[PDB]
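Contents: one structure, followed by commentary.
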Amino acid sequence: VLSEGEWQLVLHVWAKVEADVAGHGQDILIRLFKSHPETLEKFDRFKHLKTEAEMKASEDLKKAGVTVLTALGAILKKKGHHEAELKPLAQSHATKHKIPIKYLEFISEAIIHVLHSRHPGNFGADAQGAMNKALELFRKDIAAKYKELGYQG
Ligand code: HEM
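Heads up, the sequence shown is in the entry's author numbering, so the first residue is 1 and it goes up one at a time.
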């Protein structure tokens, strides 16, 4: 369980993501795909992209990033009270997309990596720790819902 002070560190760096969610989503998805190329395979619409330049130029990739980060932002703003938001997400990701927990770990790593690069002003050590706690809570609660849904994840 996060403290309120921990949540405020998370929310202060999220406010900067929100200056330009599309740009942040491009950087985060591209880092994911570069670090763990197998994750790209899950995205049928743009799994054929070969290079970072292609990825940067992809409107479909850009929209996915916006979708992902906006949904994450809504979860973070709940400050752990995210049961409603996680239901549909867990169901789709378990049953339609088939996203394992290890791939959620990989995107969490990409989010931290990009925030650390972009936002040294709001992503020092305490803030990074708070964001890791928030992302760990997200993954723990999604993993519990995957189990309810029948998915080993
Ligand atoms: C912070 C973690 C994540 C969040 C908040 C997030 C959220 C979303 C949302 C809101 C959608 C659209 C609605 C839906 O289908 O449920 C979506 C679709 C999708 N997600 Fe995620 N997701 C996350 C991580 C991932 C990861 C790591 C992958 C793959 C490695 C992934 C693969 C996809 C795919 C393939 C789609 C469908 C794209 C399409 O048809 O346009 N998700 N996700």
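In this text, a Cβ means the ideal position worked out from N, Cα and C, and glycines have one as well.
Cβ-based neighbour list, residue i, same chain, cut-off 6 Å, excluding 5 preceding and 5 following
i           : result
residue 55  : 30, 49, 61
residue 19  : none
residue 120 : none
Identity of the residue in the options nearest residue i by Cα
i          : options          : result
residue 66 : 122, 41, 26, 150 : 26
residue 17 : 153, 114, 47     : 114
residue 11 : 128, 106, 53     : 128
7 Å Cβ shell around residue i - same chain, five flanking residues per side excluded
i           : result
residue 133 : 2, 6
residue 138 : 75
Nearest-angstrom Cα separation, counted from residue j out to residue i
i           : j           : result
residue 112 : residue 102 : 15 Å
residue 110 : residue 4   : 24 Å
residue 167 : residue 118 : With the chain running from 1 to 153 in the structure shown, residue 167 is simply not present.
8 Å Cβ cutoff met for residue i and residue j
i           : j           : result
residue 126 : residue 9   : yes
residue 90  : residue 145 : yes
residue 149 : residue 70  : no
Per-residue DSSP class, three states only, for residue i
i          : result
residue 27 : helix
residue 37 : helix
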